[PDB]
Amino acid sequence: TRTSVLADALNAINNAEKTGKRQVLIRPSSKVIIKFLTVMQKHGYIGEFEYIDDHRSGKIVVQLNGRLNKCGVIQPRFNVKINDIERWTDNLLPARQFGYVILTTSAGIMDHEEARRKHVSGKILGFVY
Amino acid sequence: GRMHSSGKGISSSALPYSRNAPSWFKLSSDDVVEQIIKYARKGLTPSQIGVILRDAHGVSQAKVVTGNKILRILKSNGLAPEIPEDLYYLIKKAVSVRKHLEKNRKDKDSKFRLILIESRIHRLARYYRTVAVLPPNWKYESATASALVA
Amino acid sequence: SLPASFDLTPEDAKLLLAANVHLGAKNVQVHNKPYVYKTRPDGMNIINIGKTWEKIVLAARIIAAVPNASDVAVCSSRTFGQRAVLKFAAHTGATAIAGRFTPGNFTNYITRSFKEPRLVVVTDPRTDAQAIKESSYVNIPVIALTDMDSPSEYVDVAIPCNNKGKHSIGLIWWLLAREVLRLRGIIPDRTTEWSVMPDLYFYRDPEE
Amino acid sequence: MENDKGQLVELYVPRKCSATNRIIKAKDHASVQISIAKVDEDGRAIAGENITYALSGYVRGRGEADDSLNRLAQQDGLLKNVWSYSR
Amino acid sequence: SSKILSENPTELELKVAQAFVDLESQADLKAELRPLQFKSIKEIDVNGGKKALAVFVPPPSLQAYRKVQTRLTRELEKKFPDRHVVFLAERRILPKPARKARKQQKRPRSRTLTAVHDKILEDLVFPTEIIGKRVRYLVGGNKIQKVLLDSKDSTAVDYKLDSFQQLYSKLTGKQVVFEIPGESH
Amino acid sequence: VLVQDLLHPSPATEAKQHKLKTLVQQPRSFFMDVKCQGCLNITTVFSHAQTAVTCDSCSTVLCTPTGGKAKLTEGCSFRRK
RNA sequence: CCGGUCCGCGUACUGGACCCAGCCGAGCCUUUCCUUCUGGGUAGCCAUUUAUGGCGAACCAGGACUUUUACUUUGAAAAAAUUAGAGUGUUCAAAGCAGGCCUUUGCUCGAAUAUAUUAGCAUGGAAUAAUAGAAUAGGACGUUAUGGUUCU
Ligand SMILES: [Mg+2]
Ligand SMILES: [Mg+2]
Ligand SMILES: [Mg+2]
Ligand SMILES: [Mg+2]
Ligand SMILES: [Mg+2]
Ligand SMILES: [Mg+2]
Ligand SMILES: [Mg+2]
Ligand SMILES: [Mg+2]
Ligand SMILES: [Zn+2]
């Protein structure tokens, strides 16, 4: 069955971005997907996206601008200590100067740079660069 | 999809976006309830009452008019069947296959199908016990199944 | 945008339909779907010649941007288009490639007719596949006259027209030649009748 | 890319595809650079004055270059009602 | 003043109730204005010189108002010129419980903030029905709702909608845009 | 097609899609007011009816269920509600 | 923003930012409050009889209750030796925890600090993932609502 809606959403985004499409349709939606997309939009990796209410899980249409190399989930959402964040960014990110590891912390969903700023840690959720 | 097959069919109903009654609907939330109880006493299951309502009375959804689902209304008026309808039809089909099997002992296909139906009964009956629809000691017995549905 | 003088005039629209330019192939690929107006009940697809006209105007503007007129190469492997491309080269100063295209003309620099065009214009992507294929090796943009069944691979500017018509091929080439000269200023304005007749650029059988 | 003192230590800031924003590599020989002449109000092509677009070899290989130019030229006014956003 | 279900009604509430004891004069709509009551009349100023008038009604009393609301608004708009009249029900919003909060009764969904804002968004356009809602997430960070209305009974609201957007913004703080995709146009 | 308005599909192409494959799934069925030829009595009948609906006055079958839409009997005229 | 000085990009130091924006917080209001309980204690209410009528939140200190977790922050704890690591001319070094001062009837920096990690303890937060609740109501509030039956 459908075990991770975030993985389905990011896979659809990756396939549309790799094929040069400037828009992609995502089904189903969720809060985690929307907040993950907001982080990507905040750093400029995607453009405006639109939520469609169908009295169900929902749908999302994302506009792609060609700056996205790869976004992906980490399944399962491993527990990450603050001292372990450095090891994760080395394995997943192309360099030490750009790219973000997305975490779900009790302070909210945020990138690894923001997580160090507010000194919080949670479970790893995905990445984008 | 299709727990007990290789099928991947997607045919199903598609509820309209609107959750309100159509403007042309004139029956009250009561008249539907007495209609449901009238049909329930004729022996119809909740599926059949809903089929008759849209087919002959224009009741697109009982929920958008009355506010409650069909089984919820019967349970509120003491008209809920003891066995849930879908579990009843699985047991009735299993009864029919078992009755056919004792007269056709070489029908190995019916033996295979009987295992599927009965496996489907146990998964559903186990679920109904966790949600306290069936008693915790409720168990499906092949020997005494004919009593429950016949 | 564009002056209204560049709009499709009724005279040219009469020419396009009388030359059966609007008849597109029975089967249309997904990339040419926007150019189909409606399918005719026999099976033929009707080409939206309004879109055809604008691509012609767009295509002529790209040709005019090439400094050396000889650097534009016009190609035709079909026999129906060989006369059209030869006269286009004479009028515009372009380099015509009629008939067989020698493989290696763009990549093999020791061949006899080794050319380095800044732009390649093709009558049909299917029968001129070799000319189109080598252009994708040396960074040559391609303008192609495409039918509804013509492939769109490595084609930047597609002129939607009937590739399998004796008069369709000649008319489109004549229209490009007239517009290129109008932009160059050879034709004084967009209303002056051109001396050349679309009968010239038409293939003639050995009978005559 | 520049150092701490601000000097551009980068050689060869590369071009990007007009359709997909991909970087056009130095040996991508299927990539082209379309140059389209500007036309004055007299209907004449203006000499040495062009609208320019670049397409990566990937877009051209899929056959989407034609549909991308239809969209790109219509947004810049080079075309009217030939490309439709809604399909 | 018996029409008002609130202690110390304002002068505007009395004037509105004064209209309420005048529309039953014609017997076509009289058999139903005796039981009708309201709790408050919130009024805000919208652009263009108009003023939005919000009538707050007990939620159980909402379905009684819905039977005569189409007529009743038209004469109330006549009695009070340059006034846009809407009828809203005073739904209650229960805060989301904290993790350490002492256990209370399970909060019904009708009392949630999402449901109530969706509910007032439904009472705003009463004569028409919503056929679809979309939410844009702009690059700036702000979010804008879009509500699509049915063309049936559109003439009752087609000249307003702008009053609704500012009124919805006043009550919730979020931005919404109303569009009727299927007009004749 | 690399660029396309997914939020505003053409309503013509939107109608050719399967009923579950639209932006918002929507039934293509409807309800009808059926006039039998014998008498005049409004009877609301589902388009894809599974029941042999009979009008109240005379016990005459109005429609016969099929694989898809129900088939109205001769002399019966329908109007979509 | 005097970069004088400190000790020549220097530029550390730091009088002076006037803070652009940005970043880490904290409260208040939007239908959004530990139900409390006992004082302090009573100050302003409802001051018509007050800190002689009825503002316990007007902040503490002494009581009463509490859906269960998982997770993550911080803290105490996890012996010394070993490891990493600050200092120190064992003639260098491996080491060691020594040592240094004008030459001393004596003066005098030290012998740091990190890491431990599953389990247990205390703690901030409440995203994520579970869990319980109001359905034959045997449901919630009445702060001072009216009785009755028991029990301390
Ligand atoms: Mg940005
Ligand atoms: Mg590795
Ligand atoms: Mg980084
Ligand atoms: Mg990047
Ligand atoms: Mg499936
Ligand atoms: Mg299975
Ligand atoms: Mg189903
Ligand atoms: Mg009267
Ligand atoms: Zn009849």
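Just so you know, the protein sequences line up as chains A, B, C, D, E and F, in that order.
Reminder that position 108 of the first sequence reads as 109 in UniProt numbering, one-by-one numbering, no gaps.
Reminder that position 46 of the second sequence reads as 47 in UniProt numbering, one-by-one numbering, no gaps.
Reminder that position 144 of the third sequence reads as 145 in UniProt numbering, one-by-one numbering, no gaps.
Reminder that position 46 of the fourth sequence reads as 46 in UniProt numbering, one-by-one numbering, no gaps.
Reminder that position 78 of the fifth sequence reads as 79 in UniProt numbering, one-by-one numbering, no gaps.
Reminder that position 11 of the sixth sequence reads as 12 in UniProt numbering, one-by-one numbering, no gaps.
For each residue, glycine too, the CB sits at the ideal point set by N, CA and C.
- With a threshold of 7 Å, the Cβ atom of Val-140 (chain E) counts as near ligand 1, since some heavy atom of the ligand is closer than that.
- Every residue whose beta carbon comes nearer than 6 Å to a heavy atom of ligand 3 appears here in chain order: A:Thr-90, A:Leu-94, A:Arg-97, A:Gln-98, A:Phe-99, A:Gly-100.
- Taking 8 Å as the Cβ-Cβ cut-off, the stretch 110-139 of chain E approaches chain A at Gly-133, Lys-134, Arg-135, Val-136, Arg-137, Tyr-138, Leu-139, given in chain order.
- Any Cβ of chain D closer than 8 Å to the Cβ of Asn-16 (chain A) would place that residue at the interface, and such an atom is absent.
- The stretch 28-39 of chain D makes contact with the stretch 51-65 of chain D, as at least three CB pairs between them are under 8 Å.
- Beta-bridge partners of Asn-80 (chain A) (DSSP): A:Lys-124.
- Closer than 8 Å to the CB of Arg-44 (chain D) there is not a single CB belonging to chain A.
- Taking 7 Å as the cut-off, the C-beta of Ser-111 (chain E) does not count as close to any heavy atom of ligand 9.
- Taking the Cα positions, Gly-127 (chain A) is about 34 Å away from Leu-72 (chain D).
- Listed along chain A are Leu-26, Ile-53, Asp-55, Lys-60, each with a C-beta nearer than 9 Å to that of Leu-24 (chain F).
- Annotation: Cβ neighbours of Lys-20 (chain F) in chain B (cutoff 9 Å, chain order): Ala-15.
- The closest heavy atom of ligand 5 lies 7 Å or more from the beta carbon of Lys-20 (chain F).
- Short of 7 Å from the beta carbon of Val-98 (chain B), and not among the five residues preceding or following it, lie these beta carbons of its own chain, in chain order: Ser-111, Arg-114, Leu-115, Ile-118.
- Within the same chain, no residue comes within 6 Å of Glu-142 (chain B) by CB-CB distance, once the 5 residues on both sides are set aside.
- Using a CB distance cut-off of 8 Å, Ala-50 (chain F) counts as an interface residue toward chain B.
- Here the alpha carbon of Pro-128 (chain E) sits roughly 43 Å from the alpha carbon of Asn-12 (chain A).
- Residue pairing for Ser-78 (chain F): DSSP places it in a beta bridge opposite F:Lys-36.
- Annotation note: the stretch 3-40 of chain C contains the following uninterrupted alpha helix (DSSP H) runs of length 4 or greater, listed N- to C-terminal: 11-19.
- In terms of CA proximity to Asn-69 (chain C), C:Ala-95 leads the group C:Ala-61, C:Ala-95, C:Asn-46, C:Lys-56.
- The C-alpha of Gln-98 (chain A) lies about 17 Å from the C-alpha of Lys-5 (chain D).
- The residue from A:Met-111, A:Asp-54, A:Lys-119, A:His-120 with its alpha-carbon nearest to that of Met-41 (chain A) is A:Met-111.
- Going by DSSP, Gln-146 (chain E) is part of no alpha helix (DSSP H) but of the beta strand (DSSP E) stretching over 144-150.
- For the stretch 58-74 of chain D, the set of positions with a beta-carbon nearer than 8 Å to some beta-carbon of chain C reads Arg-60, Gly-61, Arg-62, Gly-63, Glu-64, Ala-65, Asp-66, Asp-67, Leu-69, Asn-70, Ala-73 in chain order.
- In this structure, ligand 5 has no non-hydrogen atom nearer than 7 Å to the beta-carbon of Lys-134 (chain C).
- Relative to ligand 6, even the nearest heavy atom lies 7 Å or more away from the CB of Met-45 (chain C).
- The alpha-carbon of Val-123 (chain C) is positioned some 35 Å away from that of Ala-13 (chain F).
- Distances taken from the Cβ of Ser-30 (chain F) to the heavy atoms of ligand 7 include none shorter than 7 Å.
- Put simply, the CB of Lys-82 (chain F) is near chain B, with a gap under 8 Å to one of its CB atoms.
- Any Cβ of chain E closer than 8 Å to the Cβ of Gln-98 (chain A) would place that residue at the interface, and such an atom is absent.
- In this structure, the beta-carbon distance from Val-148 (chain E) to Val-177 (chain E) falls below 8 Å.
- Per the Cβ contact rule, the stretch 129-146 of chain B is not in contact with the stretch 107-125 of chain C (fewer than 3 Cβ pairs under 8 Å).
- For the 8 Å CB-CB criterion, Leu-172 (chain C) and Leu-9 (chain C) do not form a contact.
- One alpha carbon belongs to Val-75 (chain C), the other to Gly-43 (chain D), and they sit about 24 Å apart.
- Within 10 angstroms of the beta-carbon of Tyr-12 (chain D) lie fewer than 16 other beta-carbons, which makes it exposed.
- Distance from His-92 (chain C) to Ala-178 (chain C) at the Cβ level is roughly 5 Å; contact confirmed, criterion being Cβ atoms closer than 8 Å.
- In the DSSP annotation of this structure, the continuous segment of the beta strand (DSSP E) that includes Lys-60 (chain A) starts and ends at 60-64.
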